[PDB]
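What you see below is based on every heavy atom in this structure, not just the backbone, and it leaves out hydrogens, waters and symmetry mates. Each chain gets a letter, A, B and so on, in the order its sequence line appears, and its residues count up from 1.
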Amino acid sequence: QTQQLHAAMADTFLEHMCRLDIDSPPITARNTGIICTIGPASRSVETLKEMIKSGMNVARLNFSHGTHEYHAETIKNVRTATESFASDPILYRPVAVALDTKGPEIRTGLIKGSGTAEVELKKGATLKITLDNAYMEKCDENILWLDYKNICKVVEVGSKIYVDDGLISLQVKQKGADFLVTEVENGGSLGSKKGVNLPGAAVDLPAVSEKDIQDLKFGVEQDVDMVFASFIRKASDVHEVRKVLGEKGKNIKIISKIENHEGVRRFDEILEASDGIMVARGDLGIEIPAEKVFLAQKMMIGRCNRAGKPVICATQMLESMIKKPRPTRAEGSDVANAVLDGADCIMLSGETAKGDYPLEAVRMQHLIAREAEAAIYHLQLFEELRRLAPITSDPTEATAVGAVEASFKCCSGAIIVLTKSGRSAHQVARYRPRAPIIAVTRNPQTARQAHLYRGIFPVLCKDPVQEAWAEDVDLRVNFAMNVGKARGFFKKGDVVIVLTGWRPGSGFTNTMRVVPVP
Amino acid sequence: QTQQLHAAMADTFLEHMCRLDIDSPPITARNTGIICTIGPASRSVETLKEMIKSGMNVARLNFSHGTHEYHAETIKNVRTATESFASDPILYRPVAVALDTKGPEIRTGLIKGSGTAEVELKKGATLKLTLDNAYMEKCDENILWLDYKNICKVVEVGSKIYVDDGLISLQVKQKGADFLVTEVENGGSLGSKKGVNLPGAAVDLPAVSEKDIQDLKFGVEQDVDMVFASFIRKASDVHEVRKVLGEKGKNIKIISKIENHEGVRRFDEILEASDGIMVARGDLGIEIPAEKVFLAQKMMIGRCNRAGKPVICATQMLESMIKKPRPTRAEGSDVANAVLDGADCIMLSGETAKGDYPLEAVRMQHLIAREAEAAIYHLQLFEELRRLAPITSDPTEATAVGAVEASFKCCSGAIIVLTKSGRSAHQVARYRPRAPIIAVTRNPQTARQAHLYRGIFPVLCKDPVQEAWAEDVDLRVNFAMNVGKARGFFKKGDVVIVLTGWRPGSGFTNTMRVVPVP
Amino acid sequence: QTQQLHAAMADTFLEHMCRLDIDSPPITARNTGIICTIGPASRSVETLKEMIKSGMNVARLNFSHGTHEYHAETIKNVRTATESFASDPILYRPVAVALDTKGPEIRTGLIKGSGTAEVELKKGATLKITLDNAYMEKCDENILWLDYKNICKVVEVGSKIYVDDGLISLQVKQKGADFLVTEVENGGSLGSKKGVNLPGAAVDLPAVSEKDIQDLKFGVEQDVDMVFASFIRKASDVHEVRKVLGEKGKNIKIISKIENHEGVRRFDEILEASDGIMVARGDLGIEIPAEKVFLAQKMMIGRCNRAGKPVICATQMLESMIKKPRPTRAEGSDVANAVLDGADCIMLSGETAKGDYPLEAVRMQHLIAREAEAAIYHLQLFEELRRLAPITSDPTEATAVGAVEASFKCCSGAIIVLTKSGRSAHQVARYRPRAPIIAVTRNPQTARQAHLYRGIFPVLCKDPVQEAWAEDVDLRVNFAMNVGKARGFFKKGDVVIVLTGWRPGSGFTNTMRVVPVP
Ligand SMILES: O=P(O)(O)OC[C@H]1O[C@](O)(COP(=O)(O)O)[C@@H](O)[C@@H]1O
Ligand SMILES: O=P(O)(O)OC[C@H]1O[C@](O)(COP(=O)(O)O)[C@@H](O)[C@@H]1O
Ligand SMILES: O=P(O)(O)OC[C@H]1O[C@](O)(COP(=O)(O)O)[C@@H](O)[C@@H]1O
Ligand SMILES: [Mg+2]
Ligand SMILES: [Mg+2]
């Protein structure tokens, strides 16, 4: 009568749905990664401490706005908040830092010399688009300046332009030398420095701008865990980010953000070149028709699950929580369905960066994820992952699917994995066990990067290397036993799966043990 | 390449997801029924004409507010708009009328003049919780009193009272090892006349209030097609609505709204007694934890699909469209997932009743539904429905499963069903074909009520009765051919499935024909 | 294009059949146990050496015929032949001895004083059955003596009497006391001391006769590995055999032979009480209609597979090989299908006991088994075994299933299992891996008894117990590596699965390692 175990036993997906039970409580463990955008609502050390307690795993830094100095301070505050819990290694939670690039963005300028001024646009009205820098800070109801000098080369008569998250829509009725005559289709309030989308158009802006270069270099300096690369259209875009990160940033994970039609069409080559994917639904839902976004989301999650690569579901997941302490029913549904789709990580943007309820948003993601994780039809999911995964000679892959199989068979409270680089734990995660994967590492970057994968609950061991290797291994296993008991994942007498290797070093995971919790 | 046919052919659900394609266009046909709440934004004949054109199948009248005179005028306008298209029988769309009851409620507020003296709160104040009808109608600082009597017997200390339907949370504590105490907590504001809830309880209130009685009788007078019965807790509640509708309203469909923990717990008995179910997520999401609503939604949709009974997914599906001309990404997701879950109908409330963009909301539900319908994994869905449906001697059930099988085998443009009561078309809908079900009927109520079922595209035959019954049957088949050709569901030479019976009258459907479009 | 790996990957059983390929050669390893009845054709040390080389695993002694002296000599010769290979422990094959009881048989007397003398019986002719021992030696064309005293009390008028594996049929025409008068329906060559079947009748003979007692006692003295108990009707029959074997024979395996209606009806209780089952098709096909035998065979194999208990398919598998050096196509089919059904063991009776081609019969069973083992649809088989096997907390179960899963993932050349009692190896066999299970034991009886399980290739470790337990464990693993390499199951660099425990003694298997062959 716990964790949807009645639904778990169903012979059909339909019967599985019929058995979902609001009176069947989830396990304590939450498997889905929580990524939070840090901004003025969430930047203080004190707020960041509560974020972490509420379930934040990754701190996203959005490089659309702010200076390096601002970002360096945020990173410092994230690290201050994280390390305030280092005193108890059993309770310490690793926290990753993600750099989200600006990328090839298009923005308007200032309404009447102000950052906050708005004008109204009425349905049918003429609005002139200018690239004359004179009108940079002088936008209004009749004249709009935007920052893309090549707009006129790529737009035509009858093109649609979207302003402010696609809320304002324009139709190019007349095209000039370095200006556009448009008609307001969908009107509304136009404010300053709003995002512009050209869904029809082949936009000519660089994959990695000069600003993106400086930002990525800063990320290397700041020891960031991962890059969320905005507007990835093709594999060569990924390779440009990778080259910029260089040898010095070779271990930083590249997550390609898919937010245009091109990114979708060339998904396979992008996935192959990336460490994972973000379904960047914001821009994606402006670039392609809104009614198609769920198709692209489920296609990308599916392909990532098949590749064993991390996938993030991002944007407007709990949007109304910017202003309200409770989400709408669509938002509750969206979070649950991203989990059920297969997403490794769910994300908050404005909900944590600037909203009135950042901690409530985090808490809500935690609550929903855990409910949805119990509602997964693992019986079908594990059968299909097995059938679709290549037979290989890799001992670690064999140990991992065997451990996952074993975890289903004895209903284990956890899979404990010792890992240096994270790979052994990643290989377990790919097979989607119900039980949490406690990944024990001494590598602090490994501990942080592990949040990219569903189910991986990283624990940073800070006990010194014990001389007898077998004792050092047992120490780390016992550490995980202590964490799992303290977090209420399991109790003494329960069975857990333990994954180790036959010698120290990396690349030797080959041992699976079914052990009672002491 | 069309209607996700590549995804359709996948051997696994995971590969099916991998194959979902934003460049695979849907068919013209949309199967999911659209229910729109009518109010000041959508009440005019002229707006209602556009609502119908945009895809409105059912007009919901919410009896929480408004007089019978107001409602009678709305119903008149709906009928005026609908009948403006009666001139072309080929293109005429039937439009149903649904009466949504107030049901047993509570009504918060004493100070109520357009903009009330705010709830806001007051994390411990004097309002105050009373075991009496004494100090109710009194205010001296900031208080707002309700309309319900006996709270006790079915009560426990420290419970919650969600004012303005979940916009405000409450702390209310009585017993309480010290006197007969009260308490107040976290607030916001108030519009005018709110509500109170009592979680996990068995609430005693009448199923059918005196007001409900008058509105149900009004519904019979106004020839409504269906009743959405509010706050159904048990089968005897449904039987009370049924008795109130009486012999005169015996053909009016009763849709039980599942609104609370009891309604979820007693779901099976409610379902058996009802004509269908509404997943009333608004109240449900206040009554149970918000993070559990997706569980109850998927449980009820699944059980309804299993029973072959209509299920409506309701509340906040495109909520942000009240103020904005585009939905959020969570809202697009929610609509698509309700359809993928298997909902027969999707609903709009404030989006069409009071919002700034009613037609855009309707259109968006139409676009999403049709995209999601192509993304259904029919291969698994039809296998599971067959495996789980009882073998019976019923010739109609066997014919209707034969018709769906045949429709999958020849990739038919439609399933044409002659039906008097709708039952034969309902029986086809239960098996979830990809192709639209063109239900040809002379019964105008049948034509309207058929919108409750996924894929039933009702057509009201006006043509006079031909002399030879076989010729009158062929006339109605040809009528459906003409509708399908006009709507672009199919062209001359395409194959369709045709269902008829061996003699006139209801209950004799036993003939399935695979026929070319003339 | 080996081991039917193309057929292995099919999404359906039908496609799997379509992909079966005569040009796809099997591995080396043969999993199905081969049981050979030893008799005059096969009992010389020299022939027995070749039977072992040809693949004989179990030596069956049929106690319907022959003296203790004769059987003691056979057993001595089996042991002489087996031990001639003891010189190389790497190549030594353990060989089990099985005692097959006479049980409650009914046999005829001697034809005209001789045990080889044969009357040809006429169709339609009269034959008198007597219990008068005057005629017990004087059996002829018109007088046949049976050894069943209670014949007349259990066989009514009109009853069918079958003689000589059912080939001769007689109808009870005249029912008396001490005798019966019958007409030969199916005439033929009647010989001496032929089996009699009374399919209608409730035969009241003891489960364990006085001869059976002398025989089982002899089995205990002779250190037999297993008893094939004839004509088991009920669980109390198994308990009887178990009590007869007593403390002294407590480790001898009881295999209940199912060969009448009652034993099929009471199958579940029999199975629960036994160590395994023989499908004793000979008698079964006379006792129940011949056309039902395949139903009872597939039912019993299925239930045994589900229980993880050994099942033997027995009787007439290659019958024509008694006289011919090649089998019929029905016989090739029968062998292949018993393996495909999921039989742990196949058996030879007259083919090895008295036939002209015993080594050819053994060889043929080995060739067909190995071809059929490759044709198994493991994808469905392993999925179904998993779904149907209880979730338990048993660490060994979890390890055994983990092992089989891992073995499928890395296409391992073997699963190596250290076992004292055999149980850990039995637990792996239950889940049906494609790869052989090399069971390393120091227990010689364990090594012999392990032939009862599909895929278990037992190896008897002779090496002395090392002082360091970890070194003793590694020594046994290495021994299995050497066996596998020598038998061509795998080569250096290939991967294998290794199962061990955390401490010495039975019941602690919890460790699964994926190890390269040194
Ligand atoms: O996942 P990775 O990076 O391959 O690391 C797993 C490694 O961790 C271990 O369990 C322990 O290694 P250390 O003692 O070096 O920390 C190895 O046996 C194994 O090869
Ligand atoms: O779906 P229902 O109400 O059972 O109606 C189906 C009936 O319609 C028919 O096809 C036509 O009947 P009518 O000619 O009386 O309309 C019958 O043969 C069949 O029994
Ligand atoms: O199959 P069984 O009878 O439980 O034996 C398996 C046992 O063999 C071992 O691997 C080795 O035990 P021994 O050293 O006592 O032979 C144990 O760790 C394990 O419990
Ligand atoms: Mg973006
Ligand atoms: Mg027999």
Side-chain angles (χ1 to χ4, degrees), chain C residues 35-39 58-66 68 71 97-108 146-148 150 162-166 193-199 201-220 224-245 249 252-267 269-271 273-288 293 296-297 300 310-316 345 347-350 353 452:
Chain C
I35 307 170
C36 308
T37 304
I38 315 304
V58 186
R60 170 191 180 248
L61 285 245
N62 177 9
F63 275 67
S64 287
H65 312 108
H68 288 186
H71 293 303
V97 176
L99 191 154
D100 187 307
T101 67
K102 183 175 144 77
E105 285 187 343
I106 311 159
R107 297 269 172 191
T108 58
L146 318 180
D147 63 16
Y148 176 42
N150 287 353
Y162 290 93
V163 195
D164 185 11
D165 296 10
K193 281 189 170 183
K194 301 304 166 169
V196 175
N197 297 88
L198 309 173
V203 176
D204 63 342
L205 286 166
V208 189
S209 75
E210 250 156 50
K211 159 116 169 96
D212 296 338
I213 298 308
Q214 294 167 343
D215 298 354
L216 287 164
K217 181 186 185 187
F218 173 85
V220 183
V224 305
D225 297 297
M226 63 196 72
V227 165
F228 301 166
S230 302
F231 303 109
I232 300 291
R233 281 157 281 183
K234 50 194 177 286
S236 68
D237 291 354
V238 189
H239 301 146
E240 205 61 5
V241 182
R242 186 85 64 192
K243 294 183 74 190
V244 167
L245 292 172
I252 305 167
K253 300 301 174 241
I254 302 161
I255 311 301
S256 288
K257 298 168 71 195
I258 313 295
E259 44 192 340
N260 53 30
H261 219 319
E262 194 185 353
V264 181
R265 294 223 249 242
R266 301 190 92 171
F267 186 75
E269 62 167 57
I270 293 167
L271 179 64
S274 310
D275 299 307
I277 294 295
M278 189 199 289
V279 187
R281 300 189 311 178
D283 282 294
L284 193 64
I286 306 144
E287 294 291 323
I288 79 179
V293 178
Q297 172 176 326
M300 290 189 268
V311 64
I312 313 172
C313 182
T315 313
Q316 299 181 319
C345 286
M347 197 167 99
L348 303 149
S349 298
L452 282 163

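A distance of 8.5 Å separates OG1 in C/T37 from CZ in C/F228, rounded to the nearest 0.5 Å. Atom CD of C/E240 is separated from atom CG of C/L245 by 11.0 Å, given to the nearest 0.5 angstrom. Rounding to the nearest 0.5 Å gives a distance of 3.5 Å between CG of C/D204 and OH of C/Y148. Between the CD1 atom in C/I277 and the SG atom in C/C345 there is a gap of 13.5 Å [rounded to 0.5 Å]. The CG atom of C/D237 lies 9.0 Å from the CD atom of C/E269; values are rounded to the nearest 0.5 Å. Separating the CD1 atom in C/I232 from the CD1 atom in C/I255 is a distance of 11.0 Å, to the nearest 0.5 Å.
Distance alone, capped at 3.5 Å, places no donor-acceptor pair between the C/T101 side chain and the C/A229 backbone. Proximity of a side-chain donor or acceptor of C/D225 to a complementary backbone N or O of C/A98 within less than 3.5 Å is not detected. Looking at C/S274, its side chain never comes within 3.5 Å of a backbone N or O of C/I254 through a donor-acceptor pair. When atom types are taken as modelled, the side chain of C/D212 and the backbone of C/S209 share a donor-acceptor pair closer than 3.5 angstrom. Of the possible polar contacts, none joining the C/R60 side chain to the C/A353 backbone as a donor-acceptor pair under 3.5 Å is found.
Between C/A296 and C/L284, the closest heavy-atom pair is CB-CD2, 3.9 Å. Here the closest non-hydrogen pair linking C/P104 and C/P206 is CB-O, 3.5 Å. Taking all atoms of both residues into account, the shortest heavy-atom contact from C/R242 to C/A273 is NH2-O, 3.0 Å. Shown here for C/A235 and C/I270, the closest heavy-atom pair between the two residues is N-CG1, 4.0 Å. Nearest heavy atoms, C/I286 versus C/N197: CD1-OD1, 3.4 Å. Here the shortest heavy-atom pairing between C/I38 and C/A59 reads CG1-CB, 3.7 Å.
The side-chain heavy atoms of C/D147 and C/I106, taken from C-beta on, include a pair separated by under 4.5 Å. Looking at C/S230 and C/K102, their side chains never come closer than 4.5 Å, going by heavy atoms from C-beta outward. Proximity of C/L205 to C/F231: side-chain heavy atoms (C-beta onward) are nowhere separated by under 4.5 Å. Residues C/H68 and C/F63 form a side-chain contact, since some pair of their non-hydrogen atoms from C-beta on lies under 4.5 Å apart. In this structure the side chain of C/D100 reaches within 4.5 angstrom of the side chain of C/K257, judged on heavy atoms. A 4.5 Å side-chain heavy-atom check between C/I312 and C/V58 finds every atom pair outside the cut-off.
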Verify side-chain contact (heavy atoms from CB on, under 4.5 Å) between C/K253 and C/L452, making sure each step is shown before the conclusion. CA-CA 9 Å; C/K253 300 301 174 241; C/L452 282 163; 4.0 Å; yes
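Partners of C/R107 according to the side-chain hydrogen bond (donor to acceptor under 3.5 Å, both in side chains) rule, which considers only residues two or more places apart in sequence or in another chain, are C/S64, C/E105. Partners of C/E262 under the side-chain contact (heavy atoms from CB on, under 4.5 Å) rule, at least two apart in sequence or in another chain, are C/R233, C/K234, C/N260, C/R266. Partners of C/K193 according to the side-chain hydrogen bond (donor to acceptor under 3.5 Å, both in side chains) rule, which considers only residues two or more places apart in sequence or in another chain, do not exist here.
A side-chain contact (heavy atoms from CB on, under 4.5 Å) with C/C313 holds for exactly one of C/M347, C/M278, C/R281, C/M300; it is C/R281.
For C/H261, the NE2 atom counts as loosely surrounded, since its 6.0 Å shell holds 12 or fewer non-hydrogen atoms of other residues, nucleotides or ligands.
Looking at C/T108 and C/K194, their side chains never bring a donor and an acceptor atom within 3.5 Å of each other.
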